[PDB]
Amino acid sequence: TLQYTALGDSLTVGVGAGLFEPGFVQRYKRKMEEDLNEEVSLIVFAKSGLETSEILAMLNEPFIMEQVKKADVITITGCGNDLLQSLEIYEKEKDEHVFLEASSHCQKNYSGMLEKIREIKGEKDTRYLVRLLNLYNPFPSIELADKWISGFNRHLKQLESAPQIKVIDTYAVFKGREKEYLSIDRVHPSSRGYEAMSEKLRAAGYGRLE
């Protein structure tokens, strides 16, 4: 029996697809049982607007680190709402320089996240799997958003240690397919976009699990 532990923000919750409609987490689970030919047990820890610094603190909670210790695959979303609130400050004040440090403060919390996972798993374990999803651009017309999200994904890929730690290219999934993959709120993906996300996670492979 495989163990999938999913963490993140409004994307891991499934916001945009509707209440109880399967998001990317549930669909990536289905593609796991089909590929690896084994039943997988899922558990989710997510909240809209959940910060990355909070996740690094959560991993000390006994019930959470228990799920991480036995987790065969781990997915992490985050920082999507940090750039949104930053753009909204730019939308009101028209200043390109805002106190956002999404690239600076989120990326450093990510590397500390991965290290805490390593401590819980134990250095002897080489079998587990971690998959970080970068950010898509929901506002292609706004050039400043495309500059911020591209800069965050450029610095996020540096944390990849294939094939255990892989950064999923969520940006390329949504590039040129915004209106088809986004919900009516246009900031969270549709049920179609969550399906394409799960396919990109499947494209990353499963390392030594096979």
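Start at 1 and count along the sequence shown; that's the residue number.
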Comparing 72-80 with 97-105, the one whose average Cα B-factor in the PDB entry is higher | 97-105
Stretch with the higher entry mean CA B-factor, where the candidates are 165-173 and 139-147 | 139-147
Based on the entry's values, in what third of the chain does the Cα temperature factor of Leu11 lie: lowest, middle or highest?
-> lowest
Third of the chain's Cα B-factor distribution that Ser48 belongs to, per the entry | middle
Consider only the C-alpha atoms of the modelled residues in this chain, order them by B-factor as the entry records it, and name the third containing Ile55: lowest, middle or highest.
-> lowest
Going by the recorded CA B-factors, say which third of the chain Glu180 sits in, lowest, middle or highest.
-> highest
Considering only modelled residues of the same chain, in which third does the CA B-factor of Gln26 rank: lowest, middle or highest?
-> middle
